[PDB]
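Enquirer: Quick one: structure below, then a few questions.
Cβ placement follows ideal geometry from the backbone for every residue including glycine, while neighbour counts extend to all protein chains displayed. Values in this text are rule-based calculations from the coordinates and carry no lab data.
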Amino acid sequence: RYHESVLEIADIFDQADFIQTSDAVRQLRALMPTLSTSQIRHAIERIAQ
Amino acid sequence: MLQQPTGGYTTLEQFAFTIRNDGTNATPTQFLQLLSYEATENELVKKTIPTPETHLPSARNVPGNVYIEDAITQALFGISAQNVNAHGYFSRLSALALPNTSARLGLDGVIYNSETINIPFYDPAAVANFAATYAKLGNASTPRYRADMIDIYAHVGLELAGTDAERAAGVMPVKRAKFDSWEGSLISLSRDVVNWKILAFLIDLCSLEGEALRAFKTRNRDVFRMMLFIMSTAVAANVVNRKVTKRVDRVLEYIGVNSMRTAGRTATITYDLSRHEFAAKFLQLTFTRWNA
Amino acid sequence: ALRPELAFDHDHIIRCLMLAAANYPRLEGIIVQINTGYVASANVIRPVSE
């Protein structure tokens, strides 16, 4: 009977200084394939490239 | 010729001084309410202002219509004002000081050597009283007559940020001003002030006497304080935003202490040394008239 | 006299230096290479054959 949903940290913390993002990035990460650490290195090496 | 009201020209709705507050019109008094101060370990003390030299600049006739109001307001409040110590304007001003001159001061703020019937103007006796003092602004550059550029700012601080007990005491802690503010709050404030018809204020400051004058001093203290505020932002050593919650608080350290900074900066209008000489001389004359 | 450029970000540069010191072996020798060059440019010590 639950409803699963994202909750931005901003909605609970009143201290704005330690809040750099939102639901957006998590939503983006949901699209990503689960990544072996080696794939993470490949990605970083590519963005660097 | 405009008759001068017993309360002074400043009583007229024609001469109301007002400033936008994040764009909405508001009296200077309801802007000064936003200001709050943090005291520091240093202490301002207001030693007495040296009395202004009697010597007015010579009343040489000059071609054209001097725009004296714009001259003064730009020298004090405008962004990067130039030629502030140029002598011609104040020479015509001293011509206004004469007992039966042909010259006239328009409500526009211009001086006309013509009697110029088409344009309304201040009562000549009043501008005689006013020019008799403010023509001295032409002395601002000459080495003999340069005003203390440093100590006078103590008074400014006291008259702006000073609590009533400190204003009685004559000694206040150096203060750090702050207020909820918008993108270019100080520049926009200087724009709102440079458009003020200050000659009504100055002419009233010089012409009125007794109870009407003292009532003028109480009725207009907030105005004087706003001009003082714009100067303080011009001389503040440092000005910075502080992000408190979602609000952004402008913070001017420090009120009442002229840093003698001359290089331009984003936050505020900036005085070249000529603007310091000018503003200091203006403060000498104005604070002398204000305290009598 | 203001220069039209961003402020040197101390709080961020120190952070990135720590992340680099964690992840980048070269960093030590990068920094050394500046100091070493400086010693050399101060011309303070030179070998002799004697």
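Enquirer: If I ask for residues that are within 14 Å of chain B (Cβ to nearest Cβ) and in contact with a helix residue (DSSP H, G or I) (Cβ under 7 Å, 6 or more places away or on another chain), which ones from the range A:1-39 would you list?
Expert: Selection gives A:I19 alone.
Enquirer: For the range B:165-197, which positions are under 14 Å from the mean Cα position of the chain (by Cα) and within 16 Å of B:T29 (Cα to Cα)? Break it down into steps so the answer makes sense when it comes.
Expert: As a first pass, look at the range B:165-197 and keep what is under 14 Å from the mean Cα position of the chain (by Cα): B:189-197.
Correct list: B:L189, B:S190, B:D192, B:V193, B:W196.
Enquirer: A follow-up question, please. Just to check your reading of the model, which residue among C:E5, C:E28 is among the acidic types (D, E) and either surrounded by 10 or more Cβ atoms within 10 Å (Cβ to Cβ) or in a helix (DSSP H, G or I) (or both)? Break it down into steps so the answer makes sense when it comes.
Expert: On the way: C:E5 fails: either surrounded by 10 or more Cβ atoms within 10 Å (Cβ to Cβ) or in a helix (DSSP H, G or I) (or both).
Of the residues listed, the single one that is among the acidic types (D, E) and either surrounded by 10 or more Cβ atoms within 10 Å (Cβ to Cβ) or in a helix (DSSP H, G or I) (or both) is C:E28.
Enquirer: Just the residues that are in a loop (DSSP other than H, G, I, E, B) and more than 18 Å from B:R221 (Cα to Cα), please, taken from the range B:158-194. Please lay out each step first, then the result.
Expert: Quick first cut of the range B:158-194, residues in a loop (DSSP other than H, G, I, E, B) only: B:161-163, B:170, B:181-184.
Once the filter is applied, which keeps residues that are in a loop (DSSP other than H, G, I, E, B) and more than 18 Å from B:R221 (Cα to Cα), the range B:158-194 yields B:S181, B:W182, B:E183, B:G184.
Enquirer: Any residue at all in the range A:1-10 that is of a type in the set (S, T, Y), assigned to a helix (DSSP H, G or I) and more than 30 Å from B:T245 (Cβ to Cβ)?
Expert: Taking the range A:1-10 as the starting set, the residues that turn out to be of a type in the set (S, T, Y) are A:2, A:5.
Cutting the leftovers down to assigned to a helix (DSSP H, G or I) gives us none.
No, because not a single residue in the range A:1-10 is of a type in the set (S, T, Y), assigned to a helix (DSSP H, G or I) and more than 30 Å from B:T245 (Cβ to Cβ).
Enquirer: Could I ask something else about it? Could you check the range B:10-36 and list, in sequence order, the residues that are assigned to a loop (DSSP other than H, G, I, E, B), under 16 Å from the mean Cα position of the chain (by Cα) and surrounded by 15 or more Cβ atoms within 10 Å (Cβ to Cβ)? Give the steps one after another, and end with the answer.
Expert: Step one: filter the range B:10-36 for residues assigned to a loop (DSSP other than H, G, I, E, B), giving B:12, B:16-18, B:22-23, B:27, B:33-35.
If we keep only those that are under 16 Å from the mean Cα position of the chain (by Cα) as well, we get B:16-18.
Result: B:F17, B:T18.
Enquirer: Now, a different point. Count, please, the residues in the range A:13-36 that happen to be under 29 Å from B:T245 (Cα atoms) and assigned to a loop (DSSP other than H, G, I, E, B).
Expert: Going through the range A:13-36 one residue at a time, the tally reaches 7.
Enquirer: Of all residues being away from chain C (no Cβ under 14 Å) and among the small types (G, A, S) in the range B:222-278, which is farthest from B:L158 (Cα to Cα)? Just the residue, please.
Expert: Selected residue: B:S274.
Enquirer: Of the residues in the range B:83-119, how many are part of a loop (DSSP other than H, G, I, E, B) and farther than 18 Å from B:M1 by Cα?
Expert: Of the residues in the range B:83-119, the ones part of a loop (DSSP other than H, G, I, E, B) are B:83-87, B:97-103, B:107-110, B:113-119.
With farther than 18 Å from B:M1 by Cα added as a condition, the list becomes B:83-87.
Final tally of qualifying residues: 5.
Enquirer: Please pick out the residue among C:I30, C:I34, C:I45 that is touching a helix residue (DSSP H, G or I) at 6+ places or on another chain (Cβ under 8 Å) and farther than 30 Å from B:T266 by Cβ. Lay out the reasoning, then the answer.
Expert: Details: C:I30 fails: touching a helix residue (DSSP H, G or I) at 6+ places or on another chain (Cβ under 8 Å); C:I34 fails: touching a helix residue (DSSP H, G or I) at 6+ places or on another chain (Cβ under 8 Å).
On inspection, the qualifying residue turns out to be C:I45.
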